[PDB]
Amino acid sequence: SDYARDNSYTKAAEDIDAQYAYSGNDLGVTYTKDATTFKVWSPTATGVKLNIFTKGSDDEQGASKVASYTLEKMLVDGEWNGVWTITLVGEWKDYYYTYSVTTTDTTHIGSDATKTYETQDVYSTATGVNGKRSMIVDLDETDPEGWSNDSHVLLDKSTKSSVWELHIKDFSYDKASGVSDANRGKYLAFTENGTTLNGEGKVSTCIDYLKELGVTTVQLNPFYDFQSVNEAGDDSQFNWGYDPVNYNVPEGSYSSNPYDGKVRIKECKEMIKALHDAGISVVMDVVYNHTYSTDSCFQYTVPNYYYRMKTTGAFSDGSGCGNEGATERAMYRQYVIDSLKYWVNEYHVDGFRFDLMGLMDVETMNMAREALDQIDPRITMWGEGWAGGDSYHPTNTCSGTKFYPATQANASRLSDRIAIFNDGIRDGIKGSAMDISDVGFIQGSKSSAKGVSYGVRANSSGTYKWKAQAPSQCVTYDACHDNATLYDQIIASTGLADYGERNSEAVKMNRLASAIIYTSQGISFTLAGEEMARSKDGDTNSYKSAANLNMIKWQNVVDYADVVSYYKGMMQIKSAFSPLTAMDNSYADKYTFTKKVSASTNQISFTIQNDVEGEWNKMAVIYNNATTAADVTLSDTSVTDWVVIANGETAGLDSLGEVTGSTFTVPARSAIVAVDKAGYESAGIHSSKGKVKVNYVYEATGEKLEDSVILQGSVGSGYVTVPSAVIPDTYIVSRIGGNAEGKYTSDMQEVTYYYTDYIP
């Protein structure tokens, strides 16, 4: 819950805002060749001392204290504006610095109740190792080659996105990634083109893999500077990084050199440029809701101002991490908005994911949306519309408006282009994220059907659990970095196999999840590697678990190539059919559900009427979670000539067969997507991908030992097939027909694994 409570701390902070709020835009360092100016906002301080150093830490060669200087109160018409300033004449680039701040707290201003704290700059743009000393940098020197020609990659519509949620270490830490020794688990991994599995040259990994998969967007887990990895320590350390230290400095551990402050800036920019060169939008995970500790640059500069304080003097702990940032305060609001603008402008970031956005006030969020709109309204914003504990806040903001938290409950007060994670469809698809053993729709829960069905229109049509204003305000997903991976929950909730073990029924459920995500409105989102059955060995909170547990297992692009192909195809379907990628509510009344949206059912079906010329006229979608094939008759009989474009085997833009009438046979634990024949013919939307069909046959009888699968990819790109992992160990491959490995062609190729009797 959140609580409106006014106290001595909130009153003091409000009075500080009225007298001392500063909008000068020049806090921190203003560098030029001829002089550097330093500015610190601290109304509570009795003095601020600047300390210059040759190095970011004392252990480095050439490390020494240069000198210290007294900052002076900044006067405007002889009135103090709360700012401290000094200008050092000459060339000061590449020196390091801290401030020594002698200060009261917010409730004892003018008293002699002072303490002195040493801290890095609140407005640091660079630091040395482990973020303890700021660095004076010419940011133009940190620009990689071609950076001036690097542009934002922005989606016309947020709802046309396909988001891959990725940790920078996870991306390439696996030696099988084919990334060079130097760059594995680093920013620079993204700059390596032509990477293949085990560097064997047969099938793409990393950035080339992402190009082939066709994701629009990569959302990167924390790459601001966090506390929880020792940047001078072992390469085997792992943390998600939800432990902020410096908001406007890149994390050191993902760089080749954290000791020189400029290197991580250059390399972070190189990562972003490489994603842009691949045609991929970059979204940044940001965590303004809390800092690692209250022994922070914020608390050491203006004690008790930047955090929400309870009447009893305790820090409000709405984050569950010990503190919460006071977004309702004039100078934290300004800090956050200025920070967002900085990452967009300086680093070419294309959008943001707000950690525990429910701890941020609606007015601040809306003002941030308006700020980013002035750059480009296609810059994306979304976040978690919840908190991690009870939140204590003042009644009103620094603007004098009533405080509202940016939660699901308050979606109507928030901009429709600040989207909110839809836990409705997430839990509906695969079961409660809070319990890995819990079943959702794909595993056979009939009561979960309503979660899926509301999810289909991005929880914007009617009300189940919460209501989005529009599809633009909804992130559609079945899993993220938190809790269990999709495939781990499937395995745990069914007992079908061990974690990370292929099972044919588990894989069917995984394909069905794919069909649902890409036939639902809202912003389609996946954990990186969901498309290849990513496992964390059942770990439901992997934030500091082993690097090799967390890392993407690149062998899975082969072991689950068929599943990758299914996702690849479903993505094509969504991007081809306008109703699915609508921002607004235009298409809400164009859906005809066969059963009530609320129905307890094994078969969900609906049609969608389109109005875009040159596209399919109508789509039929069926989800079957039964363990048997079902005959499903649509209530909408307006179309009786259909072309199937997704089934239990494959998804894409090509005809998989036709259906006359209103009844479809839907295999167990599978989806059907069909479109009107007339529209299919007229639109001329067709696949340019090639296919490989993989068969598994008992040589002696000619009978299949396992269902055939379909691989699908760009013509001329490399594929690798393998024997079926689920065939009993009492059969072994004796012969292969066709090419187990090769390049896709337009005409479908077939590979048959022939099996003989064996004892293991």
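So that there is no doubt, residue numbering starts at 1 and follows the sequence shown.
A summary of the deposited B-factors shows that, of 252-260 and 466-474, the stretch with the larger mean C-alpha value is 252-260. Taking only CA atoms, the mean B-factor in the PDB entry is higher for 89-97 than for the other of 89-97 and 481-489. Highest C-alpha temperature factor among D181, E530, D438, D355, as the PDB entry reports it: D181. Taking only the listed residues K160, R457, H108, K450, the entry reports the highest CA temperature factor at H108. Residue-level temperature factors show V48 in the highest third of its chain, judged at the C-alpha atom. Compared with the other modelled residues of the chain, the Cα B-factor recorded for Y300 ranks in the highest third. Among all modelled residues in its chain, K595 ranks in the middle third by Cα B-factor. Annotation for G400: CA B-factor lies in the highest third of the chain's modelled residues. Per the PDB record, residue ranking by Cα B-factor puts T217 in the lowest third of the chain.
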